[PDB]
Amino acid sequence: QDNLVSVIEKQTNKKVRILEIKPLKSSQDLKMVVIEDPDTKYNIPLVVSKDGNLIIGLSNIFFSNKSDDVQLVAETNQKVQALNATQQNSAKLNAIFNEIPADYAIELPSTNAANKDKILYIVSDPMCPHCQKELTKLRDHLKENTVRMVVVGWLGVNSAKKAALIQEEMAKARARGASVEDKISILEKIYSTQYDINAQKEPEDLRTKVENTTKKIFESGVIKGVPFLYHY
């Protein structure tokens, strides 16, 4: 219905996309319409007149003598609430990853040039055995994606210290034009359980950057643990 779209556009400056139209037993002029907001991508359920000139948002405040309509609305509300919850979660994740300092993530381009645009974020703690296991899969992940590994100081003091050393060592590696393999070796070297962490001097500046970056990744509770993988 162009009319409904146009009615909404004029008074919101949002051009909505129509996803679903269903009839109501309970009225002859009114139809059930779900639309997509072009900004938030939220799915929004509506009751709309035949000519598309009257548009009312649907909510839990819906009653009918027709049980089928009550049911239709219930199913619709619940379906859109599940879709919108996921959409909001994705957007929160995107915002988390966009807020990380630009030099912080270690970006390793896929071994296959065809796949360079496929972005996999991996949030990883260097004192975590599950992250150590995940690290062994990195060369395989590269075949299919470009990986942005985000090394956090999440599990304790030694995590933060290792994350700091990784930041310092990656800066030097980039400065000298190190290869993908060189960067992975740096990660394996430092992730190793036998890596003598106390035998290293810890750069103070970088530890604070690690502490701040890590705090903000885990702040909202949208990310609750590691290794956390996210296809962007």
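Numbers for residues come from their place in the sequence shown, where the first is 1.
Mean CA temperature factor is higher for 202-210 when stretches 202-210 and 37-45 are set side by side in the entry. For the pair 81-89 and 108-116, the mean Cα B-factor is higher in 108-116.
Of the candidates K162, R148, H130, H141, the deposited coordinates give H141 the top C-alpha B factor. Ranked against the other modelled residues of its chain, the C-alpha B-factor of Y195 as given in the entry falls in the highest third. The deposited CA B-factor of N65 belongs to the highest third of values across its chain. When all modelled residues of the chain are sorted by CA temperature factor, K22 is found within the highest third.
In this PDB entry, the Cα temperature factor of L58 sits in the bottom third of its chain's modelled residues, the lowest group. In the deposited entry, the Cα temperature factor of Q167 places it in the lowest third of its chain's modelled residues.
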